[PDB]
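This report refers to the structure that appears directly beneath it.
Order of appearance sets the numbers: ligands from 1, and atoms from 1 within every ligand. Letters go in sequence order (proteins before strands), and every chain restarts at 1.
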Amino acid sequence: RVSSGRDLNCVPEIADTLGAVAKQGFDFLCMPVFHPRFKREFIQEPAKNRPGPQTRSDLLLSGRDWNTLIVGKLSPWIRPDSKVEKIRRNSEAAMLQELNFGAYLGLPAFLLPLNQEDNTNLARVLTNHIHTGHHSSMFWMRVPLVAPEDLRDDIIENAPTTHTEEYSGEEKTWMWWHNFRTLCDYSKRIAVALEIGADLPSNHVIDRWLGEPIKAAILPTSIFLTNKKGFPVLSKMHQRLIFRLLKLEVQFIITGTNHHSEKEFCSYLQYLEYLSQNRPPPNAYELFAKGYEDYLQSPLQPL
Amino acid sequence: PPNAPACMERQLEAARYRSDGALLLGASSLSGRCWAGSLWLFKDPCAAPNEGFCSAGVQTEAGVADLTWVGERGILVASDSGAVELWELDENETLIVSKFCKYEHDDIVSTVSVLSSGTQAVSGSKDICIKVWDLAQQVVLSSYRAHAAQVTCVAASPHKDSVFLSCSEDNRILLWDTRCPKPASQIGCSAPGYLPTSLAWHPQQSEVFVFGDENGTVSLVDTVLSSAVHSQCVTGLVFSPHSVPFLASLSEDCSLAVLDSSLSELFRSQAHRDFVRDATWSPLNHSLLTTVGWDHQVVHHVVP
Amino acid sequence: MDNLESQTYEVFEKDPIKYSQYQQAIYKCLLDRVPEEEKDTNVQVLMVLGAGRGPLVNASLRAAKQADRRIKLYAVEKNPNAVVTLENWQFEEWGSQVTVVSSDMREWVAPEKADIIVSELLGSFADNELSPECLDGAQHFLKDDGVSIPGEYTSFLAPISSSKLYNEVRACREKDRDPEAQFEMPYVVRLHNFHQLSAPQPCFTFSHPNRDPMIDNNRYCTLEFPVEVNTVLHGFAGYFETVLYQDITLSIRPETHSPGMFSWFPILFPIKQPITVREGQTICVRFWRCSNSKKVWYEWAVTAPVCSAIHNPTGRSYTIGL
Amino acid sequence: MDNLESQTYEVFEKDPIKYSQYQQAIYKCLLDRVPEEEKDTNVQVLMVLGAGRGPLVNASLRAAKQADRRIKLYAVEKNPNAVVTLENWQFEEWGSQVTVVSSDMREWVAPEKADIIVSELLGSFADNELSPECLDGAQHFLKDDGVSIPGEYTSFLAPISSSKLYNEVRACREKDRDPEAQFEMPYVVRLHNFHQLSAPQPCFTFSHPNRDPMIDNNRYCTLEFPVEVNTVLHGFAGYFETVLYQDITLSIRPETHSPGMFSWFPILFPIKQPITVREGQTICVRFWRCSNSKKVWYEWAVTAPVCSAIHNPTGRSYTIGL
Ligand SMILES: CC(=O)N1CCC(Nc2cc(C(=O)NC[C@H](O)CN3CCc4ccccc4C3)ncn2)CC1
Ligand SMILES: CC(=O)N1CCC(Nc2cc(C(=O)NC[C@H](O)CN3CCc4ccccc4C3)ncn2)CC1
Ligand SMILES: CSC[C@H]1O[C@@H](n2cnc3c(N)ncnc32)[C@H](O)[C@@H]1O
Ligand SMILES: CSC[C@H]1O[C@@H](n2cnc3c(N)ncnc32)[C@H](O)[C@@H]1O
């Protein structure tokens, strides 16, 4: 059994789409609470007085659905560490607005991305929102296993890709997260949603992550290989990383469009269920200790 | 008109004139219970945006980030769904039907441009992919991942099928030649500046183009010369159909400007009340310029 | 200072007796404000000050149809997450009748003055969510003959002995703060294992609109509660009563409690230290409502049969933000 | 939010170089504002915003006599205990020339607009006593061509290593509060046993009068300090520089320090946790000036060579009251 979620940036009708993904086999949905292209100005007129409503209505779903089925998503134009002052200011206002709306709705988690190196002003705004108002909403930082730049295709003739192995340059994304987390003073409310790319990085990178608070793991459809029949599958090193994560017990999330148009979409999910059932079986220590994981007891003083 | 929807969505994203004089507008619903899109054809432009006084209307499944004319009946659409869809005009030019809707991108499709051939197109997305499409075959010939951030704009050269521009939130401007085994080649400043956002080819010099950045500055380059035109991001740039063309610039400061060739401003309009999204020049009256914004306005300007 | 979550609104919106009491107050006010011969010439300006998700707006529509009069509605709300609900309602249902305003009432410049201002800014102790301050900053856009609904509210207090609740306030001690701070703050609590020692008596009262030349929402009230048993005082229960319009009233006072109205639980002002009380003695409690330019708070002390210590001096433990 | 005692005023009034710098700024401004042929027809409106016990009033009188021009004086003060001094001075000495006002400048409705507004609202880190907010609320009664003295001010920062001062901030731990709160607040301190690691660089700058259409006193500044020794960072020193008028300046920056001016000591933004720094690395510090409708505060963090934690998020440890 595996807790599973679907990611989208396009949801025209919330009722319809939520039903369709739930019928696929998914436990929850990651959507934007605002339209990701609906850019909003807070300072300059005339755009700041744009007439409402700014987003869809909370009544389209029950308190229970917002609490157990939806996961917020910060709009992608919200960039608080922009080099442009006006942009940083609007993005701070927009972040607070989207995160406070998620708190209003009661969302169990809320997604935010670590896609560049400097996320300092982003961290601060989050820290402030954490400390302002009484809530327990969680925050899933979307950080990639290999950075976009370190994954691009070597097709730029006059700016090639560094083919020299860099030990600490391949650990770039971890430091994005270590910095963000250190700036927020290790909040229990801040967790990592680890994005998994097409080509996995050297084993050391993978090893320096499972000490961290992973609550979700993100798999795009583009990494799935096709097998003999026509179903989506995964290489053996990717499968090994999966086995690790299910041991560390996380919520998997599928993103991207259907690339295997011969079979429906629940096939990716079924592949996940497959591996879950077909995992190395639990021994007597693993069966018995289960439930005590990372639980701190004062030590026994039998004198 | 039959099949038309009763209401067109408040946020007008794109507006493009056809050679005869028809206005194609594409609108997206960015707020409210339903987040969809719509395509409309107005053989009379001064009638826009009345749903009752249109020549043809239809509604797509999702918002319309960008579109462009494919000939005189085809319409290329960049859907939030992650799909590039081609809708074609009826024989009588009263209806609009989806010819193909291909879901190849893993995130909002934000740019489409048609190559000089008219049988091939190129799309940019927020998934960091650029795809080259065969409109005939309805499949993707090539899928390039050259950028390190969301692809903001792609603009196909007006005369070479192999050559097109792209710019991304990774501070990169690329020039592409599908004939090279490393198609893309990086243009730009010696030092990191502000993110590029809009690309416009020049209609008469095949190696010259203009780009506008997120800070509101427009620049002219040859494979220097720049002016701070807007206070905010430059969302688009469009050249006039004149013998010596005028440059139209659009911004998120709800203003439009028209520049010459030394990028000296000549026209200035603030009639729009929300982001001024797209601008298209009249093929009949060359001193006439139509603009659409998120304030549901279709505004026509008399340019000197 | 804080904005309510969506489910909070949802639970307190599901209380029928409250909103129908409000409907009827509006109905009676509409009738007494325009006669049968003006029922089509005269449009009443209605301003919901603190509108939420629109239950008072709907009850205003229902009351205007009960009373066959014309109204012009304004829905003023400060919480923008709730405004998203209001503006979607105004699009697909209310239409142009309702004009939605996303502003603080004290800060909003209004197009026209109002005939009636409806408010639901009341707490378990009447004024503890600061209904006074807000409506005083909003009465400047009220017609010189205008009606506030509600028109007045009174808070009530009664001494109680509960060893259970005393222990629970005691357990509410938190690190990084005063170890006695927990007794210097009121609590909304559904009192159950407790002993009311004397019948509630009125404490602070406020009237709207307040046409005094100098408005002062500060207060000082001294109450004497005769007890006819031995007992040990642990706090004071707080209740309230409010006049919506004329004989239409809402109350959580146990004597005159509105039936089936779960919207307000009582409040509890504890005392640090239990005060033993004999048969026949009197309990004297003093209560102050203090404010500055930024916050508002309650101070309170027991003076008979023995003095307590002035609780929450200077709002040092508890303050209500403006 | 607090009013200064009498001896505080007295000590900082005994600094000659400051008040004579102010005298000369006034003198140069008076000359450049009325020519020799208007020296008897034209009376300049002068408003001392934050007047104290009257040292700026006297230096205004002295400057008007140096420059042989006519002035009309207003002494605006908020602290009423200091107003008692001002009003006794105005009775027995200044006479009708000075008009004493006991009000907050942001709140005072003025009879006429001013030619010049003099202010001494500056702290060890320039804006930390909130000169900006006050003068922005007082510039509405400034002539459209008016001059503020001072006209601009800039704050400065420099990383320091001091094991002594780190231990002293550590010892400043107080019960009933966050055990790390003491590192999340600045201190006015006369730095002595310390090691400045890199030359001061400018942080936040403010200009008066600020003719921007939307005034935003919030700030975000990122500074990079190259260090050429191994060392262990314990905080950042704060200094300031201000342009009174033209070339007349005051500064406590050690490079351009005004001589014999003891009025301002430097400020110190500590960091919770010492950060070890190698030869050749760079220290990156970020600083934010944040405000709401009620208070103003500084947040700060170190990002290079290793991240620190955002200090004083939300003003949770330190805030400056409006
Ligand atoms: C449904 C239902 O059967 N039950 C709801 C929960 C319970 N009752 C309460 C009451 C209070 C209490 O009194 N709180 C003080 C508030 O100021 C009250 N007002 C009411 C008006 C209002 C309107 C909208 C949003 C908030 C408020 C707050 N707290 C928590 N549980 C009874 C069972
Ligand atoms: C006489 C004298 O030889 N010494 C006075 C004491 C000592 N110096 C200081 C300085 C400060 C320090 O810098 N504080 C920050 C204040 O904002 C400064 N400003 C100055 C302007 C002013 C005017 C009137 C009243 C207050 C202020 C505060 N603290 C305490 N001791 C030097 C020796
Ligand atoms: C429905 S319970 C109280 C409601 O009134 C709103 N409200 C409270 N105070 C104000 C105010 N000063 N201005 C506007 N709305 C207010 C609250 O945010 C909430 O929606
Ligand atoms: C002389 S040091 C600062 C002086 O300015 C006064 N002051 C500070 N802020 C204000 C204000 N907003 N309005 C009036 N006086 C002020 C202080 O109370 C003190 O006298």
Which is closest to atom 1 (C) of ligand 2 by heavy-atom distance: D/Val11, D/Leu4, D/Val189, D/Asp15?
D/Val11
Would you kindly say whether C/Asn58 and C/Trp89 are connected by a side-chain donor-acceptor distance under 3.5 Å?
no
Does an N or O from D/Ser263, backbone or side chain, lie closer than 3.5 Å to an N or O of ligand 2?
yes
Could you list the atoms of ligand 2 found under 4.0 angstrom from a heavy atom of D/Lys18?
21 (C)
Within 45° cone of C/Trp264 ring axis and under 6.0 Å: C/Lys18 NZ or CZ:
yes
For D/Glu129, state whether at least one heavy atom is located under 4.0 Å from any atom of ligand 2.
yes
Which is closest to atom 15 (C) of ligand 2 in terms of heavy atoms, D/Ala82, D/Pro266, D/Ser124?
D/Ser124
Looking only at non-hydrogen atoms, find the nearest pair between C/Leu121 and C/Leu49 and report the distance.
CD2-O, 3.5 Å
From the list D/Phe236, D/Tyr187, D/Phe125, ring pair (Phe, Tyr, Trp, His ring centres under 6.0 Å) with D/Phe269 holds only for D/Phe125
Heavy-atom pair of closest approach, residues D/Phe141 and D/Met105:
CE2-O, 3.4 Å
Parallel, tilted or perpendicular: rings of C/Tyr74 and C/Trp108 (30°, 60°)
tilted
Quick one: closest heavy-atom pair of C/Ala126 and C/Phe240, and the distance?
N-CB, 3.7 Å
Crowded around D/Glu255 CD? As in, over 12 foreign heavy atoms under 6.0 Å?
yes
List the protein residues in contact with ligand 4, where contact means a heavy-atom separation under 4.0 angstrom.
D/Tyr9, D/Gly50, D/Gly52, D/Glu77, D/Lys78, D/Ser103, D/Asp104, D/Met105, D/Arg106, D/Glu120, D/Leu121, D/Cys134
Would a 4.0 Å cut-off, counted as strictly less than, catch a protein heavy atom around atom 22 (C) of ligand 2?
yes
Determine whether any heavy atom of D/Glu120 lies closer than 4.0 Å to an atom of ligand 2.
yes
Which protein heavy atom lies closest to atom 11 (C) of ligand 2, and at what distance to 0.1 Å?
D/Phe12 CZ, 3.6 Å
Atom 3 (O) of ligand 2: of D/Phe265, D/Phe262, D/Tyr9, D/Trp264, the nearest heavy atom sits on D/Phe262
Counting only heavy atoms not in D/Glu10, do more than 12 sit closer than 6.0 Å to its CD atom?
yes
Is D/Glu13 in contact with ligand 2, taking contact as a heavy-atom separation below 4.0 Å?
no
Quick one: which ligand 2 atoms are inside 4.0 Å of a heavy atom on D/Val188?
12 (C), 13 (O), 14 (N)
Show the numbers, then the answer: is there a side-chain hydrogen bond (donor to acceptor under 3.5 Å, both in side chains) between D/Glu241 and D/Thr256?
CA-CA 9 Å; D/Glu241 274 185 357; D/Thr256 69; 2.9 Å; yes
Applying the side chain to side chain donor-acceptor pair (under 3.5 Å) test to C/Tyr153, which of C/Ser251, C/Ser207, C/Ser131 qualifies?
C/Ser131
